[PDB]
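Let me begin by presenting the structure, written as structure tokens, before commenting on it.
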Amino acid sequence: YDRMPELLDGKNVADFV
Amino acid sequence: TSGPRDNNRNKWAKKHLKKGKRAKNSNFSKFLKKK
Amino acid sequence: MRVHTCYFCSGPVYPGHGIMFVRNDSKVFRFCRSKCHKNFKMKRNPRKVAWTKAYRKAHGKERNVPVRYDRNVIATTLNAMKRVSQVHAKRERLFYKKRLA
Amino acid sequence: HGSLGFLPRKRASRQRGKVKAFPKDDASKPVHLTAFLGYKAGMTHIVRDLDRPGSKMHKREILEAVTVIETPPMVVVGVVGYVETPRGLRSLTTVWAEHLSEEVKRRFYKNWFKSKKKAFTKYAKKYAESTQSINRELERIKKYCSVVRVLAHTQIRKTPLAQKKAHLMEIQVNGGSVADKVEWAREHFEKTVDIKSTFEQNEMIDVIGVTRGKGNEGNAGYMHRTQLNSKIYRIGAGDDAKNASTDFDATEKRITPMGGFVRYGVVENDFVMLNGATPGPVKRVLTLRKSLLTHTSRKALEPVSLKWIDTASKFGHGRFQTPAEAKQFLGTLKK
Amino acid sequence: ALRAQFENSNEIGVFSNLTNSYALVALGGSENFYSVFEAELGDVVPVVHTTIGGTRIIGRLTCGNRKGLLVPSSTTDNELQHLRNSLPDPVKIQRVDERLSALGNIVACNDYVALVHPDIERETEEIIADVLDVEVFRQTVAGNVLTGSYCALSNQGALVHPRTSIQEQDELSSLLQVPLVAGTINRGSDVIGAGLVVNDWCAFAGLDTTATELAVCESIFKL
Amino acid sequence: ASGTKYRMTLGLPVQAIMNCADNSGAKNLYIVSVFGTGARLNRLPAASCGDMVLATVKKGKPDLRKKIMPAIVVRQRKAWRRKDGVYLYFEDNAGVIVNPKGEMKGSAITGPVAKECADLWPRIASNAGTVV
RNA sequence: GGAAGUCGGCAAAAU
RNA sequence: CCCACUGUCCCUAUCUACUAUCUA
RNA sequence: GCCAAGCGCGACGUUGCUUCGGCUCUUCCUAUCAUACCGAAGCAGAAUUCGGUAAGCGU
RNA sequence: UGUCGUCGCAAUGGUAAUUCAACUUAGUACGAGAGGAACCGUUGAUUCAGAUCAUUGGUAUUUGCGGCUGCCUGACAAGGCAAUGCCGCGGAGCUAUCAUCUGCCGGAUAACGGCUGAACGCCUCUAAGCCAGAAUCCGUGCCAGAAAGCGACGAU
RNA sequence: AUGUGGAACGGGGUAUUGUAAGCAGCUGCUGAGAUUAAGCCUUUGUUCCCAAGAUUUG
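These protein sequence lines are chains W, P, G, Z, X and H, in that order. Per UniProt numbering, the very first residue in the first sequence carries number 429; after that it's consecutive. Per UniProt numbering, the very first residue in the second sequence carries number 83; after that it's consecutive. Going left to right, the third sequence walks through residues 1 to 62, 76 to 114 as UniProt numbering numbers them. Going left to right, the fourth sequence walks through residues 11 to 228, 269 to 385 as UniProt numbering numbers them. Per UniProt numbering, the very first residue in the fifth sequence carries number 2; after that it's consecutive. Per UniProt numbering, the very first residue in the sixth sequence carries number 8; after that it's consecutive.
Below is the structure:
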């Protein structure tokens, strides 16, 4: 039910996790 | 199509004021009021 | 939400910014600005173009598998991202000092 | 030509957009305000999730241009009572606060520097000496007047504007009995009312202001206009460093774009982000008012959760949100 | 064989994709189609109402089997995360960066054998073999490169265009190791895959599919 | 057609020669009129990606020429802004020769296909090769 | 986009 | 008639000088 | 012509036969093409036909 | 109107929104079948109107930067040039259904459908009365503010 | 009419162009240099300026 950060600090958190 | 002065449209606007409006806006004003 | 890399300057391309171009080969070119979009148009090679990252890379000057959501993993990834960037910044500073020397 | 409802096309007779209609009063609703005054800074573009049922972009994201208006908290310096007469509303009397800041005192003078700064001197003297006159006037308003409007002025010093005169105006106090409005005004005397207390970023409001002049055309421009149904996307707090940082983006940043707002400066106080364009150029004062008539369709009712807010250099072809990540990507400079 | 129509279109295969372990439905449209699909397979296999590339063409864009699924490179990172969250962990999901993103319209795949378009990339074929764990054959259906759109493939039978030769139909059936029928669906609509989707135990056809077409599909699939 | 279509930058007006992307053998398509045009004074009707207009086969086989019959534009030269904010422009103006019901007359389509056009016309998406 | 303008390739650019 | 070309047009937009304006 | 209430006509009925010319433009009229609402018709539904109110808005 | 200024009141004048197809209600009402509605709710698009310049395109006297040609200083370099010599990019501004936003609510009626009800011991939508009812009408909202309409307030 | 006052420059931020002169053996110093409000932002930087003339007003 909680959301997650897609991109942060210029980097895609979803694509780098 | 009917214009914005369509008598039925005004009637349906009146009906929907107390359905999807009014109460949820009054307490919305109340919340920032008690703030 | 993906911040893409431009074809020509290799810089970050954000939503709304720049232009998107599709080739008949179904290959997609993203441009960070009109200058870089135009620079592709008369077909200047980035590596010969002085201010491009490709030039600065090849001149000595410098996940398709989905993952199930996990709060701990996301928190660990976010915390490690700042440390990785800090390490990269320190390495770049040392490289810049070596280049100056 | 255009619509005949806007002629005679002549210059607006006021720099500040004056409210011509306030929402109807209700005794059932308790006592609150309806209008606010802000200054236009510019706009950016944002990426927002689309929770629009029945639409073809449902559960998707779109890019919207959104105007940023700096709205420092407004100071209530007085109250005005209006009595209904067979010839319309009439200002029965006016009661001011004891101490008025130089920002609102500068309004009464064309040359504040050359002035002797004599505004409200004897008024402050009589306020401190005897409060019976103030009690008599407030009792007069709550007994006879049926409409109550509070005199409020903007803290123009906090805004990065060379102008030092505050745009004093009146906010109609809609809600509760007339006595309730009078008590509310007296309690809020000399204090500050915040836009966070007035609007709450999910309602449907109207913005009014004077458009920018285009010179002489074959008069065209600088006219009073009223935009209806301008949705607030975010009432950001100036003190908070997460004002321009959403939940899907993190990346601690400020609403002021890197390089500063073009011809306005840096936003430091509470700001309001409205979808679409709004009349007037940068650094011009704009007025916001509530919805006169209740109409919340799906567009005006759906909740909004921002995903990413652009802060690139609007001056020129900006390509970096913050100098931090700009230095992370770009090689280390010689300095 | 169940008759259903998404919105006002009889090409149910365009707006939805059916596998032997999971089902996908379009997002942002009418919930009636999703309810119809859930009424026949909701209690058997999971059904995910999602979109690929921000369009309702996920049925002809995504190709896969009960083991693994493939999505085009245009799929968003959030969309891929949503698909992985909705789909079961044993159902592998992989992104394919191919010159022809229409995986469902280029390649028709079963649980054991798959037929791909003639111009499929070697890397794409290797990824398909690794993920779907099926033998990939580079051939054509009825002389058309759009094998995945002009042919319907399943575990118990296959459907091809009726204009194919008898020898060609026999060769395709032997290659697919399953019975093949050269016919039409949705009253002459030559795109069998677009006009009908068949699972291992059930099949869904458009509302305009004729009774003779429905009977032929039932006989071919033995459902 | 099926589903709504958003406002789009118009860049294919009347009197336009426009490439044919199908396998039917046609080479050039000639725009005659645009379906669903309003009563706008001194305004040339125009077409965009995903729009179906009356077209004539200029270069092709003798039997498909000389027929004022619908064609759907799939590629557009002029840059347009999609509602997601990105700007797209294609090399050429490609079209598909289509019956007025909305079914692909040909059997194969050459070149990339606009995502809005594939979404709008299910038959086009079925016969599309790549949609980028 | 390319003469759809106008009674009309008048003037420009093309060569 | 075909091909090419172009603000003739859709549909106008911007820039420059002069004019236009005021002052003696 | 036949009737022919009536005041020699004689109504309604009935018998025969057969230079001008057009672009833009502004408003205006309704004797309404479309849009809105009604009435009728073997008007099942849909698509119509006829007839009203109606110049707000287009054409 | 003492004078100046601020905040307002509103007599009066003008007015603006238009049309379409898509979803759902449906393959239901209805129909031997062929076919096939509509209301509420919802999303888009045309025409028009009022704005705006985040993004995109256009614009070049930013004579901003770079490149080219030619000219002038004996040479090198160094510069400066050339009615704006030529070319590429080019902020800022302007601008574009070539870019983006927004476009409102009440009653009163006509046609017409009725209620009570006499005239005329029956009856009758009409005579006295009263409802329902058109994109119509009048307001609201929007623009202007009487430069010989006005109020409150501050200072003197 | 002495102040988070103003103006001249200057620094920094930001932008446009495309790696400057000069030095050495196309490369390095050099994404350096130049320009940057003329209707960009900011300033604990420097200097200077202002605590006035005239007019009208019960």
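All C-beta atoms in this analysis are idealised placements derived from N, C-alpha and C, irrespective of residue type, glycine included.
Would you say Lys50 (chain Z) reaches chain W, if we count a Cβ-Cβ gap shorter than 9 Å as a contact?
Proximity of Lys50 (chain Z) to chain W, defined by a Cβ-Cβ separation below 9 Å, is not satisfied.
On the DSSP letters alone, give me the boundaries of the beta strand (DSSP E) that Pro63 (chain Z) sits inside.
For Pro63 (chain Z), no beta strand (DSSP E) segment is defined, and its DSSP state is neither H nor E.
So, with DSSP's three-state summary, where would you put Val93 (chain Z)?
strand
Name the two residues that bound the continuous alpha helix (DSSP H) containing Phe16 (chain X).
13–16
Does any C-beta atom of chain G lie closer than 9 Å to the C-beta of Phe370 (chain Z)?
yes
Under the three-state reduction of DSSP, which class applies to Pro18 (chain Z): helix, strand or coil?
coil
Report the three-state DSSP secondary structure of residue 1 (chain H) (helix, strand or coil).
A question about residue 1 (chain H) goes unanswered here, because the residues of chain H that appear run from 8 up to 139.
Report yes or no: is there a C-beta of chain Z within less than 9 Å of the C-beta of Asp443 (chain W)?
no
Starting from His50 (chain X), trace the beta strand (DSSP E) in both directions and tell me its first and last residue.
48–50
Any idea what DSSP makes of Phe113 (chain P), helix, strand or coil?
helix
Since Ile56 (chain Z) and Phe321 (chain Z) are thought to touch, with beta carbons under 8 Å apart, how far apart are those beta carbons, to the nearest angstrom?
That belief does not hold up - the Cβ atoms of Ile56 (chain Z) and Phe321 (chain Z) are roughly 13 Å apart, past 8 Å.
Helix, strand or coil at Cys218 (chain X) [DSSP, three-state]:
helix
Start and end of the alpha helix (DSSP H) containing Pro373 (chain Z)?
373–379
Starting from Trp358 (chain Z), trace the beta strand (DSSP E) in both directions and tell me its first and last residue.
356–359
For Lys206 (chain Z), the three-state DSSP class (helix, strand or coil):
Here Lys206 (chain Z) sits in helix by DSSP.
Give me the Cα-Cα distance between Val161 (chain X) and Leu208 (chain X), rounded to the nearest whole angstrom.
20 Å
Within 9 Å of any Cβ in chain Z, is that where the Cβ of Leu28 (chain X) sits?
yes
Could you work out which residue in Z:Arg159, Z:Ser111, Z:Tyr133 is closest to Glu200 (chain Z) when comparing CA atoms only?
Z:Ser111
Within chain W, partners of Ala300 (chain Z) - CB distance below 9 Å
Under a criterion of Cβ atoms nearer than 9 Å, the residues of chain W adjacent to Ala300 (chain Z) are, in order, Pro433, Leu435, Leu436, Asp437, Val441.
Give the residues of chain W in contact with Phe379 (chain Z), contact being defined as C-beta atoms less than 8 Å apart.
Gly438
Below 7 Å between beta carbons is the criterion; list the residues of the stretch 133–162 of chain Z that meet it against any residue of chain P, in chain order.
Answer set for the stretch 133–162 of chain Z: empty.
Can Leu99 (chain Z) be considered in contact with the ligand SAH, in the sense that its beta carbon sits closer than 8 Å to one or more heavy atoms?
In the structure shown, the ligand SAH is absent, as is every other ligand, since no ligand is present at all.
Around the Cβ of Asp90 (chain X), are there at least 16 other Cβ atoms within 10 angstroms (buried) or fewer (exposed)?
exposed
Cβ neighbour criterion (16 or more within 10 Å) applied to residue 1 (chain X)
Look at the range of chain X in this structure, 2 to 224, and you will see that residue 1 (chain X) is not part of it.
CB contact flag (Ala143 (chain X), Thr165 (chain X), <9 Å)
yes
Under the three-state DSSP convention, the category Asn269 (chain Z) falls into
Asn269 (chain Z) sits in coil when the DSSP states are folded into three classes, being neither helix nor strand.
Quick one: measure Cβ to Cβ for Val188 (chain Z) and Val158 (chain Z), integer angstroms, because I've assumed they're closer than 8 Å.
Contact between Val188 (chain Z) and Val158 (chain Z) holds, since their C-beta atoms are separated by about 6 Å, short of 8 Å.
So which of X:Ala212, X:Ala206, X:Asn200, X:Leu224 has the shortest CA-CA distance to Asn21 (chain X)?
X:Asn200
Measure how close the beta-carbons of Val15 (chain X) and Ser114 (chain H) come, nearest whole angstrom, since I'm counting them as under 8 Å.
Incorrect: roughly 17 Å between the Cβ atoms, too far for contact.
Going by beta carbon distance, what residues of the same chain come within less than 8 Å of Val332 (chain Z), once the five residues before and after it are set aside?
Around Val332 (chain Z): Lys50, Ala51, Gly52, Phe311, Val312, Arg313, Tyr314.
Residues bridged to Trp106 (chain Z) by DSSP?
Z:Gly88
Using 9 Å as the limit for Cβ to Cβ distance, is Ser26 (chain G) near chain X?
Residue-level contact by beta carbon holds for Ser26 (chain G) and chain X, with a gap shorter than 9 Å.
Can you give me the start and stop residues for the beta strand (DSSP E) that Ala183 (chain X) sits inside?
Per DSSP, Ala183 (chain X) belongs to the beta strand (DSSP E) from 181–183.
Contacting residues, own chain, Cβ-Cβ under 8 Å from residue 238 (chain Z) (five flanking each side not counted)
For residue 238 (chain Z), no position is available: the coordinates of chain Z end at 228 and pick up again at 269.
Beta-carbon proximity list for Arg275 (chain Z), same chain, < 6 Å, skipping 5 on both sides:
The residues are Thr221, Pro329.
Interface flag, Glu12 (chain X) vs chain H, CB-CB below 9 Å
yes
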